[PDB]
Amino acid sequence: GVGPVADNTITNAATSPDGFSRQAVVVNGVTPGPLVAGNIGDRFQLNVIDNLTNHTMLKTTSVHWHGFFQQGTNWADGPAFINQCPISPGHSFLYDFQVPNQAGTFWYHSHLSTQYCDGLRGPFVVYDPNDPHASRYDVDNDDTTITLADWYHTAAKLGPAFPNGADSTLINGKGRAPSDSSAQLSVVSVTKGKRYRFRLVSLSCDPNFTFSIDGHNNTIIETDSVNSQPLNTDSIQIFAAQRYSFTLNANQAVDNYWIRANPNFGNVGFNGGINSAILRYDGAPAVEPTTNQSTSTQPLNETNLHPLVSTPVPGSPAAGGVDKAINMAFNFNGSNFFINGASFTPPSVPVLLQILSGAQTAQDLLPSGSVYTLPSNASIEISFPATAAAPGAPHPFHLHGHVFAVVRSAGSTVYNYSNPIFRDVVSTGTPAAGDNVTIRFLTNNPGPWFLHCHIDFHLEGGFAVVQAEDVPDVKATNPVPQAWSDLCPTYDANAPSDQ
């Protein structure tokens, strides 16, 4: 829609995606924000204009472009106090980066506190003119992007620290809450006889969703920005921050069909058309579907996903057969999450600025115990053993600046060192199954990269660490613009009520 070169204006506005009016953080007037798009090889120049006025939802902001490597532009990655100080109200900041070696489905969101739950989130697509999946579909545009979101009637800072589900699931920005069962539902239009590349994006801040379309099967062709071999499914459980592209063939009778996105907790099911949208074939009447849900007989299993092209797993085919192995031991005390004994507290000086100011060892870098220094050009293995010590399972963990191989998926005891799927957000599963979800990546990208649970309320509680990669090369590799250098002084000069 907008981009690669565009203004993104951030404001507070009244919205009613489920008929319930509340103040939210919006992008160019809307939540979810507009589709940002471009092509592989593009330079993106996204000018984020901070016109926020509401301290409760934060007047400052910082935008993360989810899934992008940001090689040589660590400064524009987004996480507050990791890669930048927040943009201040009444100021603008230009995110200027390239996407030379990636295509697929991404998203953007505030990476400051829990601000993205309040509305600052939208889809981001990078098209491939030579897309290897192009022969599998006919249509791929603005109207084939499907966004999923949890929506709350009480703002992130005003409700419980860990809410027990959303008031409504939104599909393409609309959904129903119990307060209004006649609220406008989103309609996705299809012309019979065409195949559509639907890009499913979870903008969720907490819950995962089990996505299905009545009377239609789906062919998965992309997993978080990674091209997969075609996998036919009839349902997709999608965790917060994950993406899938699936091909839908509009080959059924001209009719209305229920699109379903059932959350794992909160208001579950479909009473009164909650958790629902409409698949309308051209020529079908402007009414609700009356189609019935069928049992999923081909649900998506992550272990069934494999890259479209041969993609070697970092290291050697053995447990710990890497240059560096890291285990993440989880703890939770009622209010804060801990990884290996440390609950993340954002430092005063952004980690990247600390590095630029000379800090290159874990010892010198702040916060103490939360920063892991990684060797350059090395294979890394990280395990996230599921434990009842950290409730809120299944936790979807996300690694910035990298795609990783999922050598062991949730609900599986298999270690796949041959052809596992690569992605950027992974469910760590449940302690009930004795899950030990394990990932592998190569250190090809100098800079500090955030590694955290993508349930934003959990991130807020400190469920995060920093992977500081190739620290002695970070400054030379990531030259910073004057505008970036100016962010921290401006932010630190703010009255705390203007934050």
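Each residue number is its position in the shown sequence, starting from 1.
Undergrad: On average, which has the higher Cα B-factor in the deposited entry, 118-126 or 252-260?
TA: According to the PDB entry, the answer is 252-260.
Undergrad: Quick check: 155-163 versus 357-365, which has the larger average CA B-factor in the record?
TA: In the deposited entry, the stretch with the higher C-alpha B-factor mean is 155-163.
Undergrad: Looking at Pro89, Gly341, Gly269, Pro178, which one carries the largest C-alpha B-factor according to the PDB entry?
TA: Largest recorded C-alpha B-factor: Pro178.
Undergrad: Among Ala284, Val226, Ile213, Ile171, which residue carries the highest C-alpha B-factor recorded in the PDB entry?
TA: It is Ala284.
Undergrad: How does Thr297 rank on Cα B-factor within its chain, lowest, middle or highest third?
TA: Highest third.
Undergrad: Place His395 in the lowest, middle or highest third of its chain's C-alpha B-factors, as listed in the PDB entry.
TA: Highest third - that is where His395 ends up once the chain's C-alpha B-factors are sorted.
Undergrad: Tell me, lowest, middle or highest third: where does the Cα B factor of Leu442 rank within its chain?
TA: Within its chain, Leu442 is a highest-third residue by C-alpha B-factor, going by the deposited values.
Undergrad: Would you mind checking where the Cα B-factor of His306 ranks among the modelled residues of its chain, as the lowest, middle or highest third?
TA: Middle third by C-alpha B-factor.
Undergrad: Using the temperature factors of the C-alpha atoms in this entry, rank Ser62 within its chain: lowest, middle or highest third.
TA: CA B-factor rank for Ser62: lowest third.
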